[PDB]
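These notes are about the structure you will find just below.
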Amino acid sequence: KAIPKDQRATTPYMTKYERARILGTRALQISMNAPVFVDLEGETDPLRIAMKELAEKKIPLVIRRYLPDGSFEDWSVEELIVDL
Amino acid sequence: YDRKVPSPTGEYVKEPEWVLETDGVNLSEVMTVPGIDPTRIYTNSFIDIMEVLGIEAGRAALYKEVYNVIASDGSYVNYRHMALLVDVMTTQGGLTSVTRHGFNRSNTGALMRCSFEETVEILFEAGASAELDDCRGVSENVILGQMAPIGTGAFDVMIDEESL
Amino acid sequence: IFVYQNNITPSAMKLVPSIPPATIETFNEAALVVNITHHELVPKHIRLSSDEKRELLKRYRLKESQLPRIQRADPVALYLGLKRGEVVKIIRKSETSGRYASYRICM
Amino acid sequence: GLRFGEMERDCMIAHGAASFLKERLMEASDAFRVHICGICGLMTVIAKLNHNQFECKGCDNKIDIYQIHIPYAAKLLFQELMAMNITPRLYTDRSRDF
Amino acid sequence: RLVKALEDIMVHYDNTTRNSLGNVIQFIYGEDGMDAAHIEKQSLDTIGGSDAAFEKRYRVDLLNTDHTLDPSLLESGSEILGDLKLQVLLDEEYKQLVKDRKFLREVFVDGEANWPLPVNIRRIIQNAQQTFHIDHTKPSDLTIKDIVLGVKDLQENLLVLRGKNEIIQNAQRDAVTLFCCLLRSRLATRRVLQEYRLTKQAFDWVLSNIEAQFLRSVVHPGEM
Amino acid sequence: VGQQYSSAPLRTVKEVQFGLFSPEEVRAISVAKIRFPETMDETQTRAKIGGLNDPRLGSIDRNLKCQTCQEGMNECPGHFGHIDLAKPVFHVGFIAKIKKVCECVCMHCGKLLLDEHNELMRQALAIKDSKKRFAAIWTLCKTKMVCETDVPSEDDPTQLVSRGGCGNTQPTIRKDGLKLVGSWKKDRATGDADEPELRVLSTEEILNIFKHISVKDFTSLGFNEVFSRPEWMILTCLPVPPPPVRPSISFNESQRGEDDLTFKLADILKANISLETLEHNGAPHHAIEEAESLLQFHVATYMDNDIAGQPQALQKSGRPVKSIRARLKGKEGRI
Ligand SMILES: [Zn+2]
Ligand SMILES: [Zn+2]
Ligand SMILES: [Zn+2]
């Protein structure tokens, strides 16, 4: 039921799961001829590209982490600290 | 038994102690006998520990028992896995078994796995009781053609409109 | 608190719940010759105030039905004269972290 | 051997691979498109896709409505429940009026 | 039967362990909110040994010619002698370690010192020494406030729970009590100057590392 | 899936709320009424009578017409029918529940045979599992065969306390196929009260007694005041599943052939009609009771074929028979 960008108690870090699904969804779009936001310095494999987009923080996605009570927090991929 | 105790100088030292092992159990009464240490009495019957020392005590015994069964073969399992099992078995203030106690489920949903050759009968009862399926299981989500809210599916992904 | 010896007449037993809000408790001497709470396996149980209780549910955002339970006639609850709906903070030692605090609502 | 049984499922569950679980267990049946009322989790919504008019009587509802994709096997399994006087209300929300 | 009964229990975003009904099974996973594959058996030194050995290893008394830090373990060695203000800081650290010894001897009545925990401190330390080519033949450039205040500040960053309310902050202190007892025994001023011979640089590196590893050892919401 | 567009927001099912179909609801969501248990032959014209198979429900013949909704014979969610019953009928799947419930509540005023004035009952009322409670309560109330008016309170057993103003005795209900029979008496093995009064409990009595049970009472049982009320286990208004559920194997044209579930709906309706064309033209007391049981048999066999018989007569002297309870014999086993 929405939670202000402030008062977020959830981890600043990306979960292995979040990352896995983000790399999976994004790779699906790349494989379907969807535009890429990172300079393709050779890479051709969609996932390999998706990963490059994650590092350079150019994936316009948002994770809606729901809490067991129904409420939820909204974190942007860009915002999430990636270290797994 | 040799007992690891702090010596007057601080370092742990072994101090032998006489202990009594019995065939048969009557905790409530033996505990009351004079000359013993009621604070340290114990029994491999976690059930009696529960009825006499309370659920919390019961949980700890239930743990110690499971632990020994595994430590028995020199095997090791991180504490958290046996602790989890022991908690599930104790949440409702009692000692619930894990070996298919309920003739219906364990913690599944009606729309979940089509257990028994007759799922219909389970559906009737659900209807007459106003059962509410949370839809967190795999099977139930399969039938709905959706991924279960587990691991990778425990959150939603949405397009972002902030990135310039 | 009524402390008796061997037992009480079932007739007399049905004389306890009859003077609200005052409650009457019964204890068999045998069951008191030893303080169970003084046992290794029995951790610290602390009755929570309705205040703390509200605070507890608010932060973990839980329904009363989502909290672990403890039986009303549980030896420790009987000890602290717990009444249904009351919560107890259980402070136990942990080999994982230092201490771990759990909660149980009296059924 | 050569099968994806209950034990193979538990494994992927522990791995947290929900997508794989859904992919490996989704029946070939068509992902039929149904309309449902937000008041009653029933598929009693008369959808006029050309004139853009969705109306569910008994609830006086024309606005609060949703759309879902579920295998035909489910659509049937549900109508069979309705036929047996059993209501399998499908809700898009978890936190009810609670 | 084991799988079937525990199959719907998952770690949620609040670090809570719950079943499909949303019932709380554990207020924090494994009572420490940590991922088991990031846990290593480490020895809690503070607990074992004689009291003399305990004091010979942790006690630092600037107000005593025989129990101060020899000027060779630290540059400010000779001017630390009889420093009332620092000693007050050094007594705080000792009393805390002595408290731990009690606490640990209650948790492990057996006296067992080796227990699985996150962030292998011994390794981070050995690495530091290798990475900065530390030579045990020179006095460190670490201030006492460096060690004590630094070790103290780090304990405030090892996060499992982030809620801003009272309850959580307390649940957060409990879940990191044990690791924190380990930490203090490994980063006790004397150990830092007399045993490890860490420099201000090496030391600073060790702290940020423990933090990065700690946070990295935390369980991920979604774990089945 | 269905290249057509829909402004309705696309979402995933988060929760599933089960319950019972109330008679008022089955009507509030129907479209037709299904009176004529036949099809086609509109004056020898092989079209489609407004009685069954098409009055308003989904259609065929490549006709986009279907209650102003368009869509094709593959992108259309069959609309549910409607068919009123002349008399109430026990639902096959709940005869067991209906029996126990009757033994928990007084068969006259509809008040629970035991309440808070019974220390053993309270321990039962506290049970959370609606299934475990209903059981723990039924085990206590099935013994009591008298509706107590005054019971000794928690206080002085010397004094009594009044409750349900009713005091009639209860029947020892037993099952006999699709019917329930109640036996009355005045205390087991005693003078001036010997010999029982055996009479069959009519579907109407049960239904009307279930309507006098308070919310607090049926909730004490696993019932829900919004989704599952006791009375609803007794059918008064049967829902007619649209054609998508029950098809019709017809090769191209000319040939009829309709699903085996439509054939059953026909016979159900038939009996329902021969039951109404008696209370209208006046009829014997036992005569009507004949059609009643017949109807029950068809309404029961329809939803679940597994009672006192094997009704097999669907356009085939070979005697075949299908149903809904036995429809997942390749659906609950295919998934
Ligand atoms: Zn509706
Ligand atoms: Zn239509
Ligand atoms: Zn009555």
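By Swiss-Prot numbering, chain F shows 2-336, in order.
Just so it is clear, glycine is given a Cβ too, placed from its N, Cα and C backbone atoms.
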Next item on the list: Looking at the candidate ranges F:36-53, F:54-71, F:180-197, F:306-323, report the one that Swiss-Prot labels region 'Rudder loop'.
Entry: F:306-323
Item checked: Listed binding-site residues (F:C67, F:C110, F:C167), ranked by Cβ neighbours within 10 Å, top entry -> F:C67
Item checked: F:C148 (Zn(2+) 2 binding site) versus binding-site residues F:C70, F:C77, F:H80 - nearest by Cα -> F:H80
Margin query: Can you give me the Cα-Cα distance between F:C107 (Zn(2+) 2 binding site) and F:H80 (Zn(2+) 1 binding site) in Å, rounded to a whole number?
Written below: 40
Item checked: Proximal residue to F:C110 (Zn(2+) 2 binding site) among binding-site residues F:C67, F:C70, F:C77, F:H80 (C-alpha distance) -> F:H80
Next item on the list: Kindly point out which of the binding-site residues F:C107, F:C110, F:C148, F:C167 have a C-beta less than 6 Å from some atom of ligand 2.
Entry: none
Note to self: As a test of the contact definition, list every same-chain residue at least 6 positions from F:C70 (Zn(2+) 1 binding site) whose Cβ is closer than 8 Å to its Cβ.
What the structure shows: F:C77
Checklist line | Subset of F:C67, F:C77, F:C110, F:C148, F:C167 (binding-site residues) with C-beta under 8 Å from chain D | finding: none
Next item on the list: Could you give me the DSSP helix, strand and coil counts for the region 'Rudder loop' (F:306-323)?
Entry: 0 helix, 0 strand, 18 coil
Check: ligand 3 is in the model; which of the binding-site residues F:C67, F:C77, F:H80, F:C167 have a C-beta less than 6 angstroms from one of its atoms?
Finding: F:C167
Margin query: For the binding-site residues listed here (F:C77, F:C107, F:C148), tell me which residue's CB has the most neighbouring CB atoms inside 10 Å.
Written below: F:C107
